[PDB]
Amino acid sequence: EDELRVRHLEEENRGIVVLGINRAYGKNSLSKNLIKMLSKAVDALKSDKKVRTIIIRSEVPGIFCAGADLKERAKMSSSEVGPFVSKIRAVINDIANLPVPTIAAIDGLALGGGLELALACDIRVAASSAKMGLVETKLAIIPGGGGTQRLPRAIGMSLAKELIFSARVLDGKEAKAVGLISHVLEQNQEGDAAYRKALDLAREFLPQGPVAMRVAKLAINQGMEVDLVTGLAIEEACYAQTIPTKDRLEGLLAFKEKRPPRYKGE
């Protein structure tokens, strides 16, 4: 439906695919269709084995994603609200589980599902003028896209609570100071400084073992949600997966022959 565009970058960006929300008419809000195309796209990248890094961004300057579409919501019966929100929550959770490194490039507004979707990404970067927050309580509801879970895990319980309790919106610098994002940027002429940084950062990921990068992501993600000892067991099992791989050997041979490894993800 054009609102979502999945691009597979070429040349020096080979290995990086991009997901760009494009829906100005609705401030990139999460409409019933946008999460289907989104869900559709995500399920596809799951299996896509040639991908090495996924960037999520907006093609509408000044806006990343305003969250759920309040308009469509007012037309939903109480017995329909829950199911729809849960759908939002699940598509975002699917994003948090994408096989490869993920980067959310915030160049504009990002509220509710907008920020929540970015919270599902591994790393977040934003212009200093970008605005983001979870303002659900002001509407007598709560973040329904995992924000009640990922925000506290990302910036700490106390700060996440203050933000949700006050439904306060932060700008790039504030977000960076609280830890919400790793890199804060200075918006440029075309309003894509964040996306730009994301591209650069992603390139730093391309030269590594595709198989290593994935199990490493698994070890980190799964292990953080269980006791450390079990977490250690998970690392061992992820590491085991890198042993019978060619890249493991192509890497040891790359340094012998003093040259950039030619990993294949094998």
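Just count from 1 along the sequence shown to find any residue number.
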> Hey, which bit's got the bigger mean C-alpha B factor in the entry, 146-154 or 166-174?
Replying inline: 166-174
> In the PDB record, does 201-209 or 233-241 carry the higher mean Cα temperature factor?
Replying inline: 201-209
> Looking at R52, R57, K32, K217, which has the highest Cα B-factor in the entry?
Replying inline: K32
> Considering only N97, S78, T137, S128, which residue's Cα atom bears the greatest B-factor as recorded?
Replying inline: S78
> Within this chain, which third does the Cα B-factor at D48 fall in: lowest, middle or highest?
Replying inline: highest
> Lowest, middle or highest third of the chain for the C-alpha temperature factor of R196?
Replying inline: middle
> Split the chain's modelled residues into thirds by Cα B-factor; is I92 in the lowest, middle or highest one?
Replying inline: middle
> Which third, lowest, middle or highest, does the CA B-factor of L111 fall in along this chain?
Replying inline: middle
> Lowest, middle or highest third: where is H183 by Cα B-factor in its chain?
Replying inline: middle
